[PDB]
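Structure record follows, encoded as structure tokens.
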Amino acid sequence: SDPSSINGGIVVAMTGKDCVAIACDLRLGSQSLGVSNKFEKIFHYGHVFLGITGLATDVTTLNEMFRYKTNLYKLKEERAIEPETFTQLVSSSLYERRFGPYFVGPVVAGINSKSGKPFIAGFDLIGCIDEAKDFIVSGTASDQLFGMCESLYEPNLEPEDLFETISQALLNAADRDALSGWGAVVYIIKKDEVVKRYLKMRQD
Amino acid sequence: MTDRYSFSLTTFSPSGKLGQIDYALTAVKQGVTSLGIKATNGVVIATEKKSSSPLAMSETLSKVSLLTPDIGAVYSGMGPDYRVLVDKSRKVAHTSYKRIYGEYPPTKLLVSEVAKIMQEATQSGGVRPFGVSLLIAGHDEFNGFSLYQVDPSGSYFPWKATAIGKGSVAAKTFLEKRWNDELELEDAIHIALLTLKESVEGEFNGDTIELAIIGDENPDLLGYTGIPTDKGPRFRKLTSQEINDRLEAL
Amino acid sequence: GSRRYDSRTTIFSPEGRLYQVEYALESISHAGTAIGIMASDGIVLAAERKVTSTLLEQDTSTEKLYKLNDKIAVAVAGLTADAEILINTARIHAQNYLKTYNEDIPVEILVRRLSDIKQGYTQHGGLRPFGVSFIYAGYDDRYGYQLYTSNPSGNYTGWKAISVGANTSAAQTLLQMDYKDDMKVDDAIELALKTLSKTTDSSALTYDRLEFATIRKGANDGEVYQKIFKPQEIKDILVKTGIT
Amino acid sequence: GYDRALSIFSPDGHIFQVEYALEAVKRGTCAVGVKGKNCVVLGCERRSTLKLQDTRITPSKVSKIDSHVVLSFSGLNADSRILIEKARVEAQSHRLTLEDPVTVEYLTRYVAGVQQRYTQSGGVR
Amino acid sequence: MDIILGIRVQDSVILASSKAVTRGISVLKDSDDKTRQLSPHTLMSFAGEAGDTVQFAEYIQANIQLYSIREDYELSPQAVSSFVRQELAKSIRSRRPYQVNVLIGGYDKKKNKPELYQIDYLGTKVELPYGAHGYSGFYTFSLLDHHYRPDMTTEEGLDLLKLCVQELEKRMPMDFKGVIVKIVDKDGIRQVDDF
Amino acid sequence: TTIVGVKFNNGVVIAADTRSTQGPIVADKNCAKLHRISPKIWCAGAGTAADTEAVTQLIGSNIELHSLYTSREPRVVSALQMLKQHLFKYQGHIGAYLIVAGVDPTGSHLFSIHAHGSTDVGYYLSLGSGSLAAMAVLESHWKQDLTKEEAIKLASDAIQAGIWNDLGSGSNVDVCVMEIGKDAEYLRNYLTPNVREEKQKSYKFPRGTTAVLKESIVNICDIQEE
Amino acid sequence: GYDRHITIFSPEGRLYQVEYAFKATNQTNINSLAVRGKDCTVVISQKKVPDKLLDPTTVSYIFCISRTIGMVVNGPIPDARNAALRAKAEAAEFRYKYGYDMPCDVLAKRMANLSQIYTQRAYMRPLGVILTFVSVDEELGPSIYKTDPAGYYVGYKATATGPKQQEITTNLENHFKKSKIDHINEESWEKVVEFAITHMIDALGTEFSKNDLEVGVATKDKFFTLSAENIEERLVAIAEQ
Amino acid sequence: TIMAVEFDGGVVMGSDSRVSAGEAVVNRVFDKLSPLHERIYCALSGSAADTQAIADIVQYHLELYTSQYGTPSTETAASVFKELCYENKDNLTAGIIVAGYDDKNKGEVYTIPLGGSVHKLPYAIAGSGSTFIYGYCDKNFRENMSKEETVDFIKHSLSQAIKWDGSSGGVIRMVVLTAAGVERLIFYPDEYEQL
Amino acid sequence: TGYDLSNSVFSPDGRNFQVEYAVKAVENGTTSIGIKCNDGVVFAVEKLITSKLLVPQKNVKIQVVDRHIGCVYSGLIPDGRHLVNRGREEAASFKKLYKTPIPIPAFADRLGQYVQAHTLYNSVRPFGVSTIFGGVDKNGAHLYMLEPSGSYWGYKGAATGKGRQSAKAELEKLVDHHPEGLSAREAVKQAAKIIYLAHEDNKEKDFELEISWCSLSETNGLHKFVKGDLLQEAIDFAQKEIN
Ligand SMILES: *C(=O)[C@H]1NC[C@@](C)(O)[C@](O)([C@H](CC2CCCCC2)NC(=O)[C@H](CCCC)NC(=O)[C@@H]2CC(F)(F)CN2C(=O)[C@H](C)NC(=O)CN=[N+]=N)O[C@@H]1C
Ligand SMILES: [Cl-]
Ligand SMILES: [Cl-]
Ligand SMILES: [Mg+2]
Ligand SMILES: [Mg+2]
Ligand SMILES: [Mg+2]
């Protein structure tokens with residue numbers, strides 16, 4: 001009944017020293033029933049990464065919508081949208097449906113191509129922006145993700161340390177939610193190279 | 001009643017001309033001279049404040065207008081047409097850009113939107129084209145300093161320097177001699193004032209000349225302090241006094 | 001009432017021609033020449049900017065060659081501002097088809113749509129047609145490389161090599177003479193510039209008067225690249241071919 | 001909306017816009033249809049004033065409306081697409097509501113209806 | 001309603017769909033085909049509210065058949081599924097949403113690969129080696145998790161489905177009056193007339 | 001949320017706590033509630049965070065355009081009027097509660113606005129979960145003829161009351177001082193009285209600690225030439 | 001030659017309908033004049049009652065738009081009244097929407113843009129009127145803003161409109177070329193009206209009785225017109241020096 | 001707590017100063033008397049939003065009327081309120097008293113309760129506080145009282161209503177509408193509580 | 001030329017010839033008048049008897065607006081009825097919102113702006129009537145005359161249609177010979193005289209006099225038709241002055 005917890009799943013993002021990480025579980029359920037082990041929740045438009053939790057139809061629709069919007073942005077601006085600007089585009093786009101919202105918990109992560117500054121941001125379903133320095137969490141195991149992150153996280157982590165921290169924050173958060181897990185992906189993002197890792201986690 | 005003019009008032013003549021756009025360009029030719037010079041570190045746009053009466057306070061007529069904090073426009077031709085275009089231009093920078101992306105549009109895209117409004121007036125039912133040519137100077141973080149010209153047709157082009165209206169043909173030839181790619185802003189102001197002297201008949205002082213620059217950020221013109229990344233507008237209208245100081249080194 | 005001032009932009013001549021279409025075509029014949037040449041390993045677009053200045057900023061200037069998506073570009077002949085209205089509409093069909101089917105639009109579908117819009121302005125509405133002709137250079141996985149043209153009438157046709165704008169008669173005759181089916185993109189580039197070089201109303205063809213773009217599978221492996229050539233690159237390709 | 005009566009009568013009972021439309025069809029490339037005992041053959045001229053064309057991707061003169069009905073034409077090609085699209089849609093609409101493909105007479109009668117409507121609607125030629 | 005299964009094997013996709021149509025305390029029909037050919041290499045099975053099921057099935061069919069005539073070309077299963085999903089995702093925020101769940105089984109003639117898509121009435125799409133809508137999944141998913149292999153032949157695929165129907169005839173409360181089984185391969189769509 | 005506004009001899013000051021919350025959880029420990037409608041007109045918001053942020057930006061935009069069309073510094077009464085007619089039209093469904101404060105040609109102003117479209121004038125105001133805590137301090141310590149220094153103290157003390165005694169409020173004190181004939185000065189993290197102490201332990205792990213199934217490289221770049 | 005009937009460009013780049021609207025302006029054969037004092041803005045107009053059957057009290061071309069803004073119209077009354085009713089609506093709407101009194105210059109701009117539309121839109125004719133707006137604005141002080149059928153507007157130290165404007169304009173220029181200030185250096189409005197009427201007398205070479213004039217005065221909050229008796233007091237003063 | 005009383009020299013309007021949200025006092029010094037014209041006031045009771053939105057509109061309607069037809073009659077101001085309050089009765093919680101001084105009819109008081117009916121009365125009381133003073137007002141009102149008498153009658157009345165009503169308090173503001181113009185009176189706790 | 005073929009087109013003179021042609025339709029009509037008296041207004045019109053088949057006193061031309069306003073016109077009768085129908089809507093909408101019956105100056109500008117609106121577009125024809133109307137409001141008696149252009153003014157006396165010059169002379173005399181003012185009962189007689197005198201320019205067909213009046217004393221500030229004895233007494237006084 002509560003649309004934000006029919007399909008289940010989680011996204012987390014973190015800033016480090018001249019890098020960011022964004023990670024998500026792979027589950028898609030219909031409540032108790034697991035349906036898919038391959039439902040990725042992290043998409044990318046140029047160098048800007050978007051994670052989306054909540055009702056899966058809306059996850060898909062918003063990804064299709066932001067691909068559309070960033071494609072036209074690039075044809076008219078003759079450059080790739082930057083994380084700060086995309087964040088405003090997500091917030092605008094969600095607030096347009098104020099009285100019929102997309103049941104989603106979006107998370108933006110990426111490095112500014114001109115300032116080299118690592119950037120993350122989260123949103124409620126009507127586009128209120130949360131621009132924490134440290135970390136952003138979203139999904140059915142948000143409570144848990146807040147607990148893991150707030151204890152595990154320290155600033156200015158190197159990409160290979162940050163990978164460990166965000167992986168351990170997601171894994172241990174997911175093992176304590178019935179509607180998350182079933183696999184996980186972590187993106188380590190530097191100014192001009194992006195490593196994608198699939199995690200070994202329990203399949204229950 | 002009802003606007004029963006649902007058909008184009010601009011149509012192709014057998015010669016393949018669009019009469020109403022050509023005639024619009026004629027009205028722009030009659031208009032007072034305005035020019036734009038692009039430096040390495042700024043852009044200058046200038047025009048003559050042709051005062052209709054001496055009783056008239058020419059200060060209360062803005063021929064040079066701020067569109068965004070980093071973009072200004074000047075014109076030649078029909079002042080009323082220009083005024084309502086500045087209104088629509090300022091509002092479209094908000095509705096079709098700033099309210100979506102949370103930043104002011106880059107010069108080429110705001111120009112693009114002004115261009116679109118002018119095109120629609122050559123094809124929409126029951127209207128004539130706009131009788132103006134705009135010079136739009138601007139700065140954005142990814143394109144640097146730019147200068148564009150916009151014609152009644154909707155066509156727009158980027159210039160290093162140019163002039164429109166009355167004494168354009170002569171003024172363009174004068175800029176071609178003086179313009180190099182190393183010019184500092186002050187050098188481009190000094191040339192803008194020379195170029196404008198040729199087309200003016202009567203007085204030539206800070207009360208008959210309107211001149212704005214797109215240069216460095218003006219924190220003193222922001223209105224508030226406490227956000228480092230907000231450094232103030234790049235657009236600045238020069239004062240009567242500021243123009244007159246530069247006319248003594250002329 | 002109003003009727004007194006209505007041109008009637010969508011009527012037939014006694015001969016069965018559409019006035020406004022024929023006159024818009026006349027308009028396009030005075031616009032800078034645009035050439036499309038299709039090779040086995042890509043498509044060349046080449047177009048001449050109309051009597052420019054020395055003070056026109058050429059490196060931030062686009063009057064002739066527009067990107068529709070990552071696979072398709074157009075060359076414009078006619079009213080730039082009219083062309084920008086259609087390009088923005090075509091750009092949105094391309095992004096609607098990609099949202100609906102999760103596949104990049106086949107070139108001939110986009111071209112049919114822009115041609116159908118144009119056709120509309122010639123049968124209803126009472127408005128003037130768009131004074132614009134397009135060369136569509138595109139790649140999709142059904143027909144490979146495709147060159148199209150559309151004109152105010154909203155009619156479209158496919159081509160191995162084609163010209164629009166000024167002196168097409170003169171340009172068509174030179175292309176008809178030196179085109180061959182087994183031609184390659186480098187050979188096509190050279191053909192494109194030699195054509196403009198002779199059909200130009202200017203004294204000499206120089207970089208500052210040209211816009212140039214190649215759609216190549218000259219992209220690393222089974223994918224397609226669009227190259228909108230920079231001023232300096234046009235200047236290099238003018239020396240290579242030996243026209244300056 | 002543009003309401004103007006473009007197809008009107010003339011003092012000698014002629015609708016000139018309809019007659020000038022027939023003149024556009026006279027100008028069109030030739031089209032022929034010959035029905036045999038157990039077949040119909042559509043034949044279409046291709047003016048050879050256009051060479052360096054691409055015959056793979058150029059719109060072919062014969063259009064499939066459904067799997068059993070085709071439409072060839074003379075006149076403005078740009079006009080013919082609108083009629084073909086309207087016929088192809090009605091063809092699927094008929095299958096969906098009658099659980100049967102259109103008859104050739106039904107499809108013809110539909111397209112002819114569409115052509116008639118554009119002779120006494122304001123704003124349209 | 002209630003029983004639509006799909007299994008993608010090596011070189012085909014197999015859709016199995018219940019023959020029962022039950023209104024109230026009567027089984028009105030025991031031979032119902034809960035499927036529509038969208039194109040020669042794409043089959044769609046459907047289950048959900050009375051009326052909505054067929055109105056949605058036939059509507060999608062008519063659109064795909066229109067696309068096929070207009071382009072004289074057959075859309076990929078991926079393209080058809082994306083079209084279908086977006087229709088549902090649009091419906092879910094309508095005055096009266098289409099209450100219909102579909103499996104889309106297609107052979108992609110370009111990639112020479114069978115594909116199964118599972119989409120729910122919200123417009124929730126996933127590509128699966130095997131899928132089911134409603135209660136069936138509660139039995140058949142864990143069953144297939146054990147017995148499935150990617151490189152199974154169509155004959156093995158059919159034996160694996162027989163296992164699924166038997167398990168459902170044992171442990172489901174309602175009598176779904178057997179399944180109609182259809183194979184989507186490189187040669188198109190054919191019905192298995194003995195199951 | 002705890003927001004206050006306090007008028008003084010030559011202007012108006014506005015203050016807010018820096019905590020944003022999803023239910024009982026803290027999302028943003030150093031959030032900024034102090035928003036700018038025009039250069040010299042600031043407001044602060046409680047209720048639906050999105051709703052207050054949308055409504056500030058929409059009225060900020062329309063005020064910027066009005067200021068350009070009229071060639072005048074914008075007035076607070078204008079921001080006030082626009083806000084109240086928008087919120088009233090939407091019948092409370094736009095959950096925006098704002099203290100609006102500015103300096104303009106007419107002088108210094110202080111207004112509140114509630115989601116239904118009611119407005120309020122005064123020399124001191126409070127809003128949010130923390131409003132009763134703030135108003136206790138304001139009612140105890142407010143006098144006529146406050147100086148700039150006294151009004152900032154009184155504003156921050158009123159936010160502090162909220163930080164300590166209200167669970168809905170916490171972290172830092174943000175201030176903005178709008179004085180007549182002067183630029184607005186926005187003192188982001190004015191007071192910083194809730195810094196987390198050093199943790200007993202680093203939880204930096206040893207590399208290799210996580211089990212990986214598959215690595216790969218992702219192309220963020222556009223398709224390359226040649 | 002239908003580019004003379006509607007508001008489309010002639011080959012010379014001209015709108016003939018705007019030009020013929022300007023001519024409509026002088027049809028009433030009245031001259032108006034506006035000057036600024038220290039605290040006040042004074043507008044005087046010729047009042048001509050040809051018919052004895054008319055009730056003279058109703059014959060006016062001066063309108064009270066809001067409490068602070070007065071408007072005098074040079075043109076035919078039906079168009080003048082159309083402009084008056086629109087300016088009243090707009091100065092009322094502005095106050096409701098933005099919580100302060102519409103400034104003189106802003107309403108000038110707003111009436112100007114409306115006029116600009118009749119010049120670009122074909123189904124709408126230009127209004128055959130020149131609108132002179134006067135106030136004591138709370139930001140700008142004594143203010144004069146004038147709109148015409150072209151959609152032009154500008155601010156004025158002083159201004160004159162009507163058949164003999166060139167003579168009133170020049171008479172006024174001469175006086176400011178002497179004083180070397182942008183206004184009538186006078187503490188009371190009664191003496192700014194006396195200056196207004198005196199300088200219209202010297203410029204039209206005509207004397208006036210109380211029923212030959214119309215006078216509006218705009219002070220810091222209130223714009224009022226004078227009675228015949230109020231003007232007679234002002235005429236007597238003039239004569240006595 | 002709000003009332004208007006028509007006396008010899010003109011009319012007097014009086015109110016408390018309390019805005020409450022539940023049992024919390026949001027503002028203890030609000031001004032509930034709002035000018036519609038120069039010598040036409042309203043006293044507002046009900047929703048803070050609903051009364052303000054209405055009063056703003058009536059201001060605008062009379063400003064427009066003044067521009068066109070000069071000074072409107074107190075009756076005309078009452079009619080504008082009635083028209084709004086009657087046509088929007090399903091979404092308004094607003095009880096209004098309208099008091100005015102012209103030179104022809106002199107002091108007039110109109111009351112507009114929830115329905116949007118209009119009642120011309122020698123005096124009107126309204127708001128939550130009024131219930132407690134129907135007895136006191138009825139036994140103490142006379143026609144043709146002086147300014148000093150009418151201000152006193154209203155001071156005492158609202159004094160009682162504040163004492164007994166939790167939804168009323170603060171200062172008692174009044175507005176005196178005579179030929180001479182508008183006079184603003186304030187009375188503080190210390191002055192009225194000891195009555 | 002061609003400037004007179006389309007309404008709302010300025011000639012090079014700065015004139016709107018379609019409006020000036022409407023005035024001709026007006027000048028072609030029967031004579032109607034207005035006389036402002038001490039506490040009220042009196043309307044009167046010439047009704048040409050085309051045939052003995054016209055039922056006397058039946059084809060009434062003077063129309064009431066609300067209960068206090070008289071309207072009479074000359075020109076195209078249907079155009080006038082269309083203008084009164086609008087007037088009734090304006091007077092109904094003003095009473096609805098403001099409670100008070102519409103003041104006469106306010107009513108006049110409601111007609112003014114409406115007629116004026118019919119000179120703004122080529123899609124409408126101007127009105128083919130000059131209209132004479134007025135009554136008693138809170139500020140006393142007002143008489144107005146309104147022209148196809150939208151032009152209107154206050155009048156001591158008004159006249160339009162074929163006999164207007166004649167009537168205007170007879171009115172001009174009364175204004176000069178009654179500075180202290182006329183009484184409503186006096187104005188009813190004079191009205192009859194000025195219609196009989198203005199009938200000289202229509203002297204072909206014999207006519208049927210029609211008077212109406214609003215007077216604070218004589219009708220309580222309500223519009224009433226003059227009927228029976230008071231009409232006969234006026235027709236008598238009128239017949240005596242021409243002989
Ligand atoms: C005398 O009889 C007075 N008694 C009090 C009264 C309530 O009857 C009232 O009408 C006052 C005075 C208003 C003040 C504004 C100008 C018009 C007169 N009415 C209120 O104070 C009003 C009462 C609501 C129920 C009658 N209060 C509010 O509207 C307050 C204002 C607000 F902002 F805070 C919001 N609010 C609410 O009531 C809303 C609905 N909030 C809540 O219910 C919960 N809290 N929140 N947010 O004066 C009489 C004349
Ligand atoms: Cl509220
Ligand atoms: Cl405007
Ligand atoms: Mg789990
Ligand atoms: Mg499990
Ligand atoms: Mg599903």
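Letters for chains follow the order of the structure tokens (A, B, ...), residue numbers begin at 1 for each chain, and ligand numbers begin at 1 in the order shown.
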Give as a PDB file with C-alpha atoms, in the first residue's frame every residue of chain D that touches chain B within 10 Å, counting only C-alpha atoms.
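And here is the file that came out, part_14.pdb:
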```
ATOM      1  CA  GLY D   1      -8.336  29.099 -35.666  1.00  0.00           C
ATOM      2  CA  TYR D   2      -8.026  30.007 -39.397  1.00  0.00           C
ATOM      3  CA  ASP D   3     -11.678  29.660 -40.605  1.00  0.00           C
ATOM      4  CA  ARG D   4     -11.331  30.987 -44.227  1.00  0.00           C
ATOM      5  CA  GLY D 123      -8.978  26.868 -43.287  1.00  0.00           C
TER       6      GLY D 123
END
```
Would you name the residues within 9 Å of ligand 2, counting only C-alpha atoms and all ligand atoms, and put them as a PyMOL selection string? (chain F and resi 92+95-97+113-118) or (chain H and resi 21+48-49)
Determine which residues of chain G sit within 8 Å of chain B, taking into account only C-alpha atoms, and present them as a PyMOL selection string. chain G and resi 7-14+112-113+116+120-123+150-152+154-159+169+173
Prev. selection, C-alpha atoms, output as a compact mmCIF listing (two decimals), in the first residue's frame:
```
# COMPACT_ATOMS: atom_id res chain seq x y z
CA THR G 7 -0.36 48.41 -38.43
CA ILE G 8 2.13 46.72 -40.84
CA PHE G 9 5.39 48.31 -42.17
CA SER G 10 5.31 50.50 -45.33
CA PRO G 11 8.38 49.95 -47.62
CA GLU G 12 9.94 53.09 -45.90
CA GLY G 13 9.59 51.16 -42.56
CA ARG G 14 6.65 53.29 -41.29
CA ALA G 112 2.82 52.67 -23.17
CA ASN G 113 3.30 48.85 -23.53
CA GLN G 116 2.88 49.36 -28.22
CA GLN G 120 2.17 45.31 -33.50
CA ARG G 121 -1.34 43.64 -33.43
CA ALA G 122 -3.61 44.19 -36.52
CA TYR G 123 -7.17 43.65 -35.05
CA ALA G 150 3.62 54.83 -30.90
CA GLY G 151 3.97 53.20 -27.43
CA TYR G 152 6.66 55.82 -26.57
CA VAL G 154 9.55 59.52 -21.22
CA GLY G 155 9.99 61.78 -18.12
CA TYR G 156 9.83 65.60 -18.50
CA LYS G 157 11.06 68.66 -16.49
CA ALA G 158 7.98 70.19 -18.17
CA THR G 159 5.99 69.33 -21.34
CA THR G 169 7.57 73.93 -25.41
CA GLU G 173 12.76 75.80 -22.57
```
Filtered DSSP result for segment 125-155 of chain E, state helix (DSSP H, G or I), as JSON, numbers by chain: {"E": [136, 137, 138, 139, 140, 141, 142, 143, 144, 145, 146, 147, 154, 155]}
Got a sec to check which residues lie within 10 Å of ligand 4, using only C-alpha atoms and all ligand atoms, and send them as a PyMOL selection string? chain A and resi 8-9+25+27+141+171-183+201-204
Neighbour list for segment 221-232 of chain B as a PyMOL selection string, cut-off 6 Å, only C-alpha atoms, skip fewer than 5 positions in-chain: chain F and resi 39+183-186
With C-alpha atoms retained, could you export that selection as a PDB file, in the first residue's frame?
```pdb
ATOM      1  CA  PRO F  39      19.390  41.172  -2.023  1.00  0.00           C
ATOM      2  CA  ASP F 183      24.273  45.797   2.581  1.00  0.00           C
ATOM      3  CA  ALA F 184      22.519  42.845   4.306  1.00  0.00           C
ATOM      4  CA  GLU F 185      25.201  40.749   6.156  1.00  0.00           C
ATOM      5  CA  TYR F 186      24.464  36.954   6.226  1.00  0.00           C
TER       6      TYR F 186
END
```
So the first atom is atom CA of residue 77 of chain C and the second is atom CA of residue 132 of chain C; what is the distance between them in Å, to one decimal place? 5.6 Å
Could you list, as a ChimeraX atom specification, all residues that come within 10 Å of ligand 6? Count only C-alpha atoms and all ligand atoms. /A:7,28-30,34-36,56-57 /E:101-103,117-127,131-134
Once you have the residues from the selection above, write them out as a compact mmCIF listing (two decimals), in the first residue's frame, restricted to N, CA, C and O atoms.
```txt
# COMPACT_ATOMS: atom_id res chain seq x y z
N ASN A 7 8.55 -2.24 -3.53
CA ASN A 7 9.63 -2.85 -4.37
C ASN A 7 10.91 -2.98 -3.55
O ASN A 7 11.69 -3.93 -3.80
N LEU A 28 14.62 -6.19 -6.63
CA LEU A 28 13.24 -5.72 -6.90
C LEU A 28 12.29 -6.83 -6.42
O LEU A 28 12.33 -7.95 -6.97
N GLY A 29 11.51 -6.52 -5.38
CA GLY A 29 10.45 -7.41 -4.89
C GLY A 29 9.09 -6.85 -5.22
O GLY A 29 9.01 -5.67 -5.59
N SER A 30 8.07 -7.71 -5.13
CA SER A 30 6.67 -7.33 -4.82
C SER A 30 6.41 -7.73 -3.37
O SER A 30 5.98 -8.88 -3.10
N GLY A 34 10.62 -11.80 -3.72
CA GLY A 34 11.71 -11.32 -4.59
C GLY A 34 11.42 -11.64 -6.05
O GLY A 34 10.98 -12.78 -6.33
N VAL A 35 11.62 -10.68 -6.95
CA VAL A 35 11.31 -10.86 -8.40
C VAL A 35 12.61 -10.80 -9.22
O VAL A 35 12.79 -11.70 -10.07
N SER A 36 13.47 -9.80 -8.99
CA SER A 36 14.70 -9.58 -9.81
C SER A 36 15.92 -9.31 -8.94
O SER A 36 15.81 -8.53 -7.98
N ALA A 56 9.37 1.31 -8.22
CA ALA A 56 10.33 0.97 -9.31
C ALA A 56 9.88 1.59 -10.65
O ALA A 56 10.77 2.03 -11.39
N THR A 57 8.58 1.60 -10.96
CA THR A 57 8.01 2.24 -12.18
C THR A 57 8.50 3.69 -12.25
O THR A 57 8.82 4.14 -13.38
N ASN E 101 -1.56 -7.14 -15.76
CA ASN E 101 -0.13 -7.56 -15.68
C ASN E 101 0.15 -8.39 -16.93
O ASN E 101 -0.74 -9.17 -17.33
N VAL E 102 1.33 -8.24 -17.51
CA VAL E 102 1.69 -8.89 -18.79
C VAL E 102 3.07 -9.54 -18.65
O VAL E 102 3.92 -9.02 -17.89
N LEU E 103 3.25 -10.67 -19.34
CA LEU E 103 4.56 -11.16 -19.80
C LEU E 103 4.63 -10.90 -21.31
O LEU E 103 3.59 -11.08 -21.97
N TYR E 117 10.18 -10.41 -20.87
CA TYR E 117 9.96 -9.20 -20.05
C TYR E 117 8.75 -9.43 -19.14
O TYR E 117 7.73 -9.96 -19.63
N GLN E 118 8.86 -9.08 -17.87
CA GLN E 118 7.73 -9.11 -16.92
C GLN E 118 7.41 -7.66 -16.53
O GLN E 118 8.32 -6.98 -16.03
N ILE E 119 6.18 -7.22 -16.78
CA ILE E 119 5.70 -5.84 -16.50
C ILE E 119 4.41 -5.92 -15.69
O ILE E 119 3.50 -6.67 -16.13
N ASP E 120 4.31 -5.16 -14.59
CA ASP E 120 3.09 -5.14 -13.74
C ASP E 120 2.31 -3.87 -14.06
O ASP E 120 2.88 -2.97 -14.66
N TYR E 121 1.04 -3.82 -13.65
CA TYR E 121 0.06 -2.75 -13.98
C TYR E 121 0.60 -1.36 -13.60
O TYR E 121 0.04 -0.36 -14.08
N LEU E 122 1.63 -1.26 -12.75
CA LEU E 122 2.25 0.04 -12.36
C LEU E 122 3.21 0.52 -13.47
O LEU E 122 3.62 1.70 -13.44
N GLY E 123 3.57 -0.37 -14.39
CA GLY E 123 4.65 -0.17 -15.38
C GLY E 123 6.02 -0.54 -14.82
O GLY E 123 6.97 0.16 -15.14
N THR E 124 6.11 -1.62 -14.03
CA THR E 124 7.37 -2.16 -13.44
C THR E 124 7.91 -3.24 -14.38
O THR E 124 7.31 -4.34 -14.40
N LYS E 125 8.95 -2.93 -15.17
CA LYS E 125 9.50 -3.85 -16.20
C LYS E 125 10.82 -4.43 -15.70
O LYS E 125 11.61 -3.69 -15.10
N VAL E 126 11.04 -5.72 -15.98
CA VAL E 126 12.31 -6.44 -15.72
C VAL E 126 12.50 -7.50 -16.81
O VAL E 126 11.49 -8.09 -17.25
N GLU E 127 13.75 -7.71 -17.26
CA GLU E 127 14.10 -8.87 -18.13
C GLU E 127 14.47 -10.02 -17.20
O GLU E 127 15.25 -9.78 -16.28
N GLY E 131 9.62 -15.93 -15.25
CA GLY E 131 8.69 -14.97 -14.63
C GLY E 131 7.30 -15.56 -14.46
O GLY E 131 6.99 -16.62 -15.10
N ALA E 132 6.49 -14.90 -13.61
CA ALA E 132 5.09 -15.27 -13.31
C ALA E 132 4.40 -14.10 -12.63
O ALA E 132 5.09 -13.35 -11.93
N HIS E 133 3.08 -13.96 -12.82
CA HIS E 133 2.28 -12.88 -12.20
C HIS E 133 1.28 -13.51 -11.21
O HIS E 133 0.81 -14.64 -11.46
N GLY E 134 1.00 -12.79 -10.13
CA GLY E 134 0.08 -13.23 -9.07
C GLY E 134 0.71 -14.33 -8.25
O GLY E 134 1.94 -14.31 -8.04
```
Per residue of chain C within 10 Å of chain I, which atom pair is closest and at what distance in Å (one decimal), using only C-alpha atoms, listed by chain and increasing number, as JSON lines?
```
{"residue": "C:1", "atom": "CA", "partner": "I:123", "partner_atom": "CA", "distance": 4.9}
{"residue": "C:2", "atom": "CA", "partner": "I:122", "partner_atom": "CA", "distance": 7.0}
{"residue": "C:4", "atom": "CA", "partner": "I:6", "partner_atom": "CA", "distance": 9.4}
```
